[PDB]
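**Q** Residue numbers (PDB author numbering), protein chains in the order written: chain P, 48 to 93, 136 to 301; chain d, 331 to 382; chain a, 4 to 535. Note that CB positions come from ideal geometry on N, CA and C, so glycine has one too.
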Ligand SMILES: Nc1ncnc2c1ncn2[C@@H]1O[C@H](COP(=O)(O)OP(=O)(O)O)[C@@H](O)[C@H]1O
Ligand SMILES: [Mg+2]
């Protein structure tokens, strides 16, 4: 066996089409997969204090809004996750929840996220299935409840195993306080309810004048 | 990047300090108006310039 | 051979694909044309609901992939922006033009000849419309405006209540009338603040002889009604004066810290006292007002409104005669606030509108303004009323600016089709086919109107064409140019005497835009879609 120096030369430039056909799909694949590398593996491998104000906090958190209370957004596919995550700006804070049906703790914090999104309009609360996310099956056993927070492409929240840190019956107040004391939840602002709406648009600047 | 084009078109000389801002460094123009493009946007035109 | 990383379509395949995309876009909204058209309604992925009839809104809400379909969607958006009405008819006409042009091309007629024929047909159609089919509104009076508004609001959620909505629209438009240099009256629509609020029925919609703010007083202490309002408009916040970034406070003698802290708010106190000493009663600012300044206004028995929208404040200042103030600095280098810059109004109240409150500035002096409060059954209905109301306002503006109107119900389309079919024989050898196809494609509007009413489209269009042909061939029966379509009974009708009008600019602009879009799409005969 001789002629080790091959210099395939014309071959690769005559087969660019098919190689690039594989390459684009592979690029999508590891872009999607590396978008979740930074969470996987290493997480799983690793009398004012009596909250008198907690009850009244729940009391005026009950009054969500007028027009219903919506729900928490659900991601259909990993490609959908990527194409909803690369958009928007840095100022938008995103919290994502991985979950499965039937397991304890999901419903309580799901309702917590619902009411938080009701009274935190700025944030982009959303939830995604563990099967959809395609994470390692080690997550599929022992890492389901994971209050994952993203901010414009980089991690700002590093919270997994939230059941241990909050419980199973923890309400909106508990998770809200836990998130804000880490400096994640933006400061709330006094927001009132108008009649329904005022701003149809603002595009044309033909408003008024009194020329003689 | 448009400073050279504006100065060539009108005749104004750029002023970088208020001390040298004098009347001789101003470009005269007959009309400088902002027109409406039938609701498609606002366009600003300076039509008619001394020493074009 | 090409070795291009992508997909390529050439010849009749790409032309058929473009025609398919255009036809799909047309058929999306073809069911929402004419008084018998029925509204659509769209649900987003999150769950938002939008019930609408406007073609431009429907095409904006939809997410579209094919480039030609995007071209038609942007064409509808352009027609909405530059005219305000006819956003569906333009799309339908453009798609029909593209379909007929491609049918001609498939017969080995060169696309350049078809494009030239379309260009000549459009020019002659515009000329014929401007020369024969226009009706001056000088002799019609206010009834012309009422009929134009009613025609515009037909097929909308406020169609049946047109008898009242047209009156409201015309009054609102006439309220904001102003004349500029060159002595040309101008009607700045979009200066009429449209406010929505669910509650009472449609007939309880209110036209405000003044201005309406979707804002409330900052504190419950101030009165909610002032009779002789002295409006003061400010473009700055009223808070504790924090020094700028370049200024730093360093204290070496402790005895001056209290004086510094006191002055830090005494500055704002002095500014508010200067503002109030002139007799002002209502104070509107785009910036924020904190508790101290709110209390200062409360003690003086005035009104303070914070976070007022900039456009709303500009409209209020222009109407009431007030002047916007960024700072209280005069040409002498000190702090002053003269009374000459105070606005005036005959009453300022905070009305309650369905468990919510808004500020009404009624009967402003030195200029008359207007605003409309729409009451509906729910939010979606109010949004649809707002869209239809905007369409009617734009139509009335076009009618009042250019005093030419044309009969509705497809009369213009039938007349143009007959005239172009006659005229094509006198031009060229292969351009005549293109002009005839232009005339045929112009007939899609009456056909769609007849179809949407479940009437016999063929017989109705045949009768319309016969009437218009007899009008054009008989010089003593020119009065038949106004024969349109009566969709209620499915019979031809003299639309000019039936009060079915619309601005000529609508037809002209729609024709030009559709022709240019069809020309743009027709030029393509090859597609290279590079793979991402
Ligand atoms: N009362 C009526 N009788 C007959 N035709 C009408 C009547 N009102 C409107 N039309 C016609 O129906 C057509 C469709 O208008 P419409 O679809 O409401 O406007 P747009 O195209 O902006 O949605 C118009 O060209 C108009 O001539
Ligand atoms: Mg219309």
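Considering only residues of the same chain and omitting the five flanking positions on each side of residue 207 of chain P, which have a CB-CB separation below 8 Å?
**A** Only 153, 154, 158 and 159 meet the Cβ criterion.
**Q** Using 10 angstroms around the beta-carbon of residue 52 of chain a, count the other beta-carbons present and answer buried if the total reaches 16, otherwise exposed.
**A** Burial call: exposed.
**Q** CA-CA distance, residue 46 of chain a and residue 217 of chain P?
**A** Approximately 21 Å between the Cα atoms of the pair.
**Q** Should residue 387 of chain a be listed as close to ligand 1, given that the test is whether its C-beta is under 8 Å from any heavy atom?
**A** Checking the Cβ of residue 387 of chain a against ligand 1 gives no.
**Q** Under 8 Å between beta-carbons, which chain d residues line up against residue 84 of chain a? List them in chain order, please.
**A** Per Cβ cutoff of 8 Å: 369 and 370.
**Q** Would you report the Cα separation of residue 442 of chain a and residue 135 of chain a, rounded to the nearest angstrom?
**A** In a straight line, the C-alpha of residue 442 of chain a is about 17 Å away from that of residue 135 of chain a.
**Q** Name the residue from a:73, a:190 and a:444 whose alpha carbon lies nearest to the alpha carbon of residue 464 of chain a.
**A** Per the Cα distances, a:444.
**Q** Nearest to residue 162 of chain P by alpha carbon, out of P:173, P:156 and P:168?
**A** Checked all of P:173, P:156 and P:168; the closest Cα to residue 162 of chain P is P:173.
**Q** Could you work out which residue in a:437, a:285 and a:526 is closest to residue 229 of chain a when comparing CA atoms only?
**A** The candidate whose alpha carbon is nearest that of residue 229 of chain a is a:285.
**Q** To which residues does DSSP link residue 375 of chain d through a beta bridge?
**A** Answer is d:363, bridged to residue 375 of chain d.
**Q** Between the alpha carbons of residue 21 of chain a and residue 72 of chain a, how many angstroms are there, rounded?
**A** Distance between the alpha carbons of residue 21 of chain a and residue 72 of chain a is about 8 Å.
**Q** Counting only beta-carbon separations shorter than 9 Å, does residue 403 of chain a have a partner in chain d?
**A** So, not an interface residue.
**Q** Using the rule of at least 16 other Cβ atoms within 10 Å of the residue's Cβ for burial, across every protein chain shown, is residue 299 of chain a buried or exposed?
**A** Per the 10 Å Cβ criterion, buried.
**Q** Residue 71 of chain P touches chain a at which residues, Cβ-Cβ below 8 Å?
**A** Those within 8 Å of residue 71 of chain P in chain a are 534 and 535.
**Q** Is the shortest distance between the beta-carbon of residue 304 of chain P and the beta-carbons of chain a less than 9 Å?
**A** Residue 304 of chain P lies beyond the range of chain P shown here (48 to 301); nothing can be said about it.
**Q** According to DSSP, is residue 201 of chain a part of a helix, a strand, or is it coil?
**A** Three-state DSSP puts residue 201 of chain a in a strand.
**Q** At a Cβ threshold of 9 Å, is residue 189 of chain a touching chain P?
**A** Yes, residue 189 of chain a counts as interfacial toward chain P.
**Q** Do residue 498 of chain a and residue 411 of chain a have their C-beta atoms closer together than 9 Å?
**A** It is a contact, given that the beta carbons lie within the stated cut-off.
**Q** Could you check where the alpha helix (DSSP H) with residue 360 of chain a kicks off and where it finishes?
**A** Per DSSP, residue 360 of chain a belongs to no alpha helix (DSSP H); it is in the beta strand (DSSP E), 360-367.
**Q** Taking DSSP as the reference, what is the three-state secondary structure of residue 407 of chain a?
**A** In the structure shown, residue 407 of chain a sits in a strand (DSSP, three-state: E or B).
**Q** Please state whether DSSP places residue 230 of chain P in a helix, a strand or coil.
**A** In this structure, residue 230 of chain P counts as helix in the three-state DSSP scheme.
**Q** Would you tell me roughly how many angstroms separate the C-alpha atoms of residue 151 of chain a and residue 182 of chain P, rounded to the nearest one?
**A** One C-alpha to the other measures close to 49 Å.
**Q** Under 8 Å: does the beta carbon of residue 38 of chain a sit that close to some heavy atom of ligand 1?
**A** Flag set: Cβ of residue 38 of chain a near ligand 1.
**Q** On a CA-only basis, which of P:273, P:277, P:261 and P:283 is nearest residue 144 of chain P? Give me that one, please.
**A** Answer by Cα proximity: P:261.
**Q** Can residue 505 of chain a be considered in contact with ligand 1, in the sense that its beta carbon sits closer than 8 Å to one or more heavy atoms?
**A** Yes, the beta carbon of residue 505 of chain a sits closer than 8 Å to at least one heavy atom of ligand 1.
**Q** Please indicate yes or no: does the CB of residue 271 of chain a lie closer than 8 Å to some heavy atom of ligand 1?
**A** It does not: the Cβ of residue 271 of chain a is nowhere closer than 8 Å to a heavy atom of ligand 1.
**Q** Which class does residue 54 of chain P belong to by DSSP, given the choice of helix, strand or coil?
**A** Correct three-state label for residue 54 of chain P: coil.
**Q** Could you have a look at residue 471 of chain a and say whether DSSP puts it in helix, strand or coil?
**A** Of the three classes helix, strand and coil, the one that applies to residue 471 of chain a here is helix, per DSSP.
**Q** Nearer than 8 Å: is that true of the beta carbon of residue 88 of chain a relative to any heavy atom of ligand 1?
**A** Checking the Cβ of residue 88 of chain a against ligand 1 gives yes.
**Q** Go ahead and label residue 349 of chain d buried or exposed: buried means 16 or more other beta carbons lie within 10 angstroms of its beta carbon, across all protein chains shown.
**A** Exposed, by the Cβ-count rule.
**Q** My understanding is that residue 319 of chain a touches residue 364 of chain a, with C-beta atoms under 8 Å, so please give their C-beta distance in whole angstroms.
**A** Their Cβ separation, rounded to whole angstroms, is 6 Å, which keeps residue 319 of chain a and residue 364 of chain a in contact under 8 Å.
**Q** In whole angstroms, what separates the C-alpha of residue 271 of chain P from that of residue 237 of chain P?
**A** Rounded to the nearest angstrom, the two C-alpha atoms are 13 Å apart.
**Q** Check each candidate in P:235, P:291 and P:205 and name the one with the smallest Cα separation from residue 149 of chain P.
**A** Measuring from the Cα of residue 149 of chain P, the nearest candidate turns out to be P:205.
**Q** Go ahead and label residue 49 of chain P buried or exposed: buried means 16 or more other beta carbons lie within 10 angstroms of its beta carbon, across all protein chains shown.
**A** The residue in question, residue 49 of chain P, is exposed, as its Cβ has fewer than 16 Cβ neighbours within 10 Å.
**Q** Can you find a C-beta in chain a that's less than 9 Å from the C-beta of residue 144 of chain P?
**A** Taking Cβ atoms only, chain a never reaches closer than 9 Å to residue 144 of chain P, which makes this a no.
**Q** Would residue 103 of chain a be called buried (16 or more neighbouring beta carbons within 10 Å of its own) or exposed?
**A** Burial call: buried.
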